[PDB]
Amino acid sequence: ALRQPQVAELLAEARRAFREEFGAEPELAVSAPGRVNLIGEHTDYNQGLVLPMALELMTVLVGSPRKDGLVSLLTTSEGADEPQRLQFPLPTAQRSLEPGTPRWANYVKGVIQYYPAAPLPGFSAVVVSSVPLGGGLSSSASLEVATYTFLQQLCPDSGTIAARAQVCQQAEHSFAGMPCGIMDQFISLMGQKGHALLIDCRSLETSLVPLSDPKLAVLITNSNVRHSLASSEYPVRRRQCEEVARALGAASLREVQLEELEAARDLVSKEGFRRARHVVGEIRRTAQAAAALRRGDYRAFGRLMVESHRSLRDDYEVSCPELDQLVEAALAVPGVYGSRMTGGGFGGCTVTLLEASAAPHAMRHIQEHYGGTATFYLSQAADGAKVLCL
């Protein structure tokens, strides 16, 4: 059985908690979703192509401006580290915000710190989410983009959608010590109901690709494991990629194709060569997968998904036995087109494209084959960041 999601239920929860917490009805509501990457993994920081969609799993901030220049936060999200409440003054020229405890508030502090428009007033907010915290569906990008979307109501920015992704990304880098690409923040902002989003991470061109055929489902399976390497080995992959680009005199691996890589094998470590083969291959597969998805060629799409996983398992070596066993189980189920790890790896989630009617059978079979305890979301493509005046 798939874990259910909510929206107005989250707003009502947010709202009740805020009224209890601050003695007044909140003035403002925002939402930003988590994401699944359908294909195009470890390409965003390589100026590659990614094809994410926004989930119905989302973060909701409910708040009001203050006159006293301080920020007061409650989260009801479980899994959030103690305390559930934090207050801090706004940063100034003299005194910047600092990352620390509790860690959940670092995402909000980071976005406030890098917010490009003045004057930013203080505010009171309640934070809720259905995005499982650090389960591999970009809970942190959902919190950053919801925060960003809230600040825009306190003090409108004059900029682009990418500029806002970059701020949220700077918060992730500087306040959470995770040097991510733009994919997660970009999809949280840019998502549309019934669409995946093709992101060119070189040009920052985006295209909404239809994905709401009722005979098709996206099954997210959470391994409910996260090896420490998810955190430590992510920045290592970015450096090895930079090292290969650098060796080949390329601005980025986007500029490099397997032929040029094959010819500069002497110029690069055995592992360097493996990381680049995945990225160069993964960029190709993502363009092929976009072309496939448009035609409604799910069989081809699924094949490209399996190739992405094999590449991530063997060349990028960012899978783990848990994810591999989850992908093995999925590909054994009749009506499954394809399965792969999604996001950073070393745990988190798999994404499976399958005929809707196969989902019940696939969930039973994945669970019985999974040596741990799997969690399931059946995900339609959802809207990106929204605002509701209360």
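Basically, rigid core = biggest C-alpha set you can superpose within 1.5 Å across the two forms. The first residue of the sequence shown is number 1, and the count goes up from there.
Each structure in 7 other deposited structures of this protein is fitted to the shown form on the rigid core, and of 208-216 and 193-201 the C-alphas lie farther away on average for 208-216. In this entry, 117-125 has the higher mean Cα B-factor, the comparison being between 140-148 and 117-125. For the segment pair 310-318 and 240-248, the entry gives 240-248 the higher mean B-factor, averaged over Cα atoms.
Across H173, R277, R265, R303, the entry's maximum B-factor at the CA atom is seen for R265. Of the candidates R35, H42, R340, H365, the one whose C-alpha carries the top B factor in the deposited record is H365. In the deposited entry, the Cα temperature factor of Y298 sits in the middle third of values across the chain's modelled residues.
Annotation for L258: C-alpha temperature factor in the highest third relative to the rest of the modelled chain, per the entry. Among the modelled residues of its chain, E98 has a C-alpha B-factor that falls in the highest third, as given in the PDB entry. Among the modelled residues of its chain, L198 has a C-alpha B-factor that falls in the lowest third, as given in the PDB entry. Ranked within its chain, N106 lands in the lowest third, by CA B factor from the PDB record.
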